[PDB]
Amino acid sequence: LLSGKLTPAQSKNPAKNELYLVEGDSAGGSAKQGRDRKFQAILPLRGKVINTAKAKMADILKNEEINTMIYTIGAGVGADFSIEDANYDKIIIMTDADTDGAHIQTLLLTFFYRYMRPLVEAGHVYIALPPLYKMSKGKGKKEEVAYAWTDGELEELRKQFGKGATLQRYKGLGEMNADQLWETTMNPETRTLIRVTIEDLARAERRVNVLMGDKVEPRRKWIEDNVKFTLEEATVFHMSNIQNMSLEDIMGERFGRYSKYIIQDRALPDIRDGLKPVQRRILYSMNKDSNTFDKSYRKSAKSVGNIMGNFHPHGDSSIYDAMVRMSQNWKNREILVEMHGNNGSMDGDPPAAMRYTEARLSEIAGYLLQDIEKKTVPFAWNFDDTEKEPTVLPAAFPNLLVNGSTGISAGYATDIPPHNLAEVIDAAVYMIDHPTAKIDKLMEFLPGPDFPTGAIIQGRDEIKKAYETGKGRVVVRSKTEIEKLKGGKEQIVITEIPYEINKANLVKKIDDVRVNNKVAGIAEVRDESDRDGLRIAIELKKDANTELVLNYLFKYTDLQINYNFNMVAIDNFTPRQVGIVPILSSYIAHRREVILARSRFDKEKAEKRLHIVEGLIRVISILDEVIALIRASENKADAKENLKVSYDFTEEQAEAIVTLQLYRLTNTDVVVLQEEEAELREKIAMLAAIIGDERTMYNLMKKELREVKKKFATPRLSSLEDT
């Protein structure tokens, strides 16, 4: 039992019986509770189903998921498939109406297309369509509720019953009671299915192969040609009852949805702040709840739950793991999260679960969020429109290069290594002064990656290649040294190992060399590392060739590796392969937007204030007259009107005056107000200049970047060699 368990129908009836294939055991539960057991069976699917186009045939029939699905249908597969031996008249695929749901449908259809074709062409495979929306009228036991799949139906409901009704946007099947699920999706009389058909065998074949086959480039090409990254889509105005659709159209619509989503909004970083959406949300949410470096740590489970509740509609598993990674300093050059407890190690042993650990933002993460409160960055509504979230962070340092990013999307992947903050900033500052700067010059400031794990990087020519094209291959090699021993014996001591390499497996792989005697002369392998340093010790036998051994180990173990740059990121909504120049130029452009926006915000504040202060200065000279005036008025409105009519204060000033507390009349110091007036006028001038002159703005940009480097700069860790 690696596969979900079948809950059968009460009877045997191939004419009528239906097999529901449900996304996840939990919804499988609800389905089992909500069904009509006389003729409806339930088989839950455990997450993502094997790609039957990519994988072998051997392996496909080692997949318990598949075998229990074959068995259950009771008609074998492929070669011998007999439709008259089927146990159900209908196979209904029921997933969340979200992207990952779309992906599962895709994966299943390419199973049935490739191994149970007669079933598909006989019109016996369907997609169940859960509702997207629920409208609720009153409260308590006077609730009242209806459902809607399109935006047009939803608009029709706003009349039907409105005048204070509210709306739930379903994010999955997991938010539905079994009776809700029956009424909308499982009841023959009221459900809405789509019947999958094959209109053209040729077009369907080609369509399945391009989207699901092991060849990446056709699929990428397809994505570039079909998905509009820049735009929105509009949902299929579903027809109540059955609706036919071609396998071709389904596969295209579904895979398109999924591709786009996991490109834009999962696996690939934004070119400006170098964050994936999950990471952005972790930081924003934590920041918003004041979980910052200067304040107490806060239980990880709390942070995670708020992230999941307010921003990120996905498993806690994913969120926590991401948050953990941001805290591991052997993975990030500048950690964005501090976390008390067991957050793993280089040995790759599992971190404590969120119930154990506690966490806060690091100091430098502060700087990613700097000036977010000042309308510096575009915000969007979250999934249930309760709350706005940033689409990108201000990013007062260029985090994409500094911490890098690895990911795997559809049609694209990324591997950007980390860099030294100070070097990166030196580069950015040069580029601010020299927009057309080329790679050779930039590489005087930014010579290459700087891994948190240190070690030796070799391959100047390929570093340059990578910085030009986004791709290159470099060599990363462990830092070693020899120690003499009693007996006329040596030992090799490793003190730094290559990025992304699991220490405990490295040590094991090395000891396999000894055990199998692949190279002569290894006495014993011992991991001697501790909380104060990395130290692997390879004790050699008496007079064995130290250099023969060390060379063998570099060659045939991960004591030395190749790192491959594949620098891909999201620029204007679309994925893009990019070198240093696009990266740095995008960052600069972004900081420009931030600073301008910041300065417009701060200037409006100072303006509004100065206008008040100008009025208060006047008031003082006529204080008694103003009191008499207010006293002689009828009410708040009347008083303001008289202040305007009689002394030409503005509405804004009049409001300020009239809302002053009585005790203010004691303090009547004009010069302190005049000093404030002065400093405001100065402040507005500085800010106006920035808005009004690109050079002034860019000089500020550079000033701030240097302040950051000054504060956070650290020595390089990885040494660079040329060959």
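Numbering starts at 1 and runs along the sequence shown.
Engineer: Test of understanding: from the entry's C-alpha B-factors, which stretch has the higher mean, 652-660 or 675-683?
Structural biologist: Taking the mean C-alpha B-factor of 652-660 and of 675-683, the larger value falls to 675-683.
Engineer: Would you tell me which stretch averages the higher CA B-factor in the PDB entry, 69-77 or 259-267?
Structural biologist: Here the higher of the two C-alpha B-factor means belongs to 69-77.
Engineer: Which has the highest CA B-factor per the PDB entry: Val475, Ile242, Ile617, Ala504?
Structural biologist: Spelled out: the listed residue with the top C-alpha B-factor is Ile242.
Engineer: Going by the CA temperature factor in the entry, name the top one among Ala606, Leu629, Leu201, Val515.
Structural biologist: Of the candidates given, the C-alpha B-factor peaks at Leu201.
Engineer: Once the chain's modelled residues are ordered by C-alpha B factor and cut into thirds, is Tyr367 in the lowest, middle or highest one?
Structural biologist: Within its chain, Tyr367 is a lowest-third residue by C-alpha B-factor, going by the deposited values.
Engineer: Among the modelled residues of this chain, does the Cα B factor of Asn382 put it in the lowest, middle or highest third?
Structural biologist: Ranked within chain, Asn382 CA B lands in the middle tercile.
Engineer: For the chain shown, is the CA B-factor of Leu283 in the lowest, middle or highest third of its modelled residues?
Structural biologist: Lowest third - that is where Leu283 ends up once the chain's C-alpha B-factors are sorted.
Engineer: Using the B-factor values recorded in the entry, state whether the Cα atom of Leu717 falls in the lowest, middle or highest third among the modelled residues of its chain.
Structural biologist: Ranked within chain, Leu717 CA B lands in the lowest tercile.
Engineer: Splitting the chain's C-alpha B-factors into thirds, which one does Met701 fall into?
Structural biologist: For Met701, whose C-alpha B-factor we compare with every modelled residue in the chain, the answer is the lowest third.
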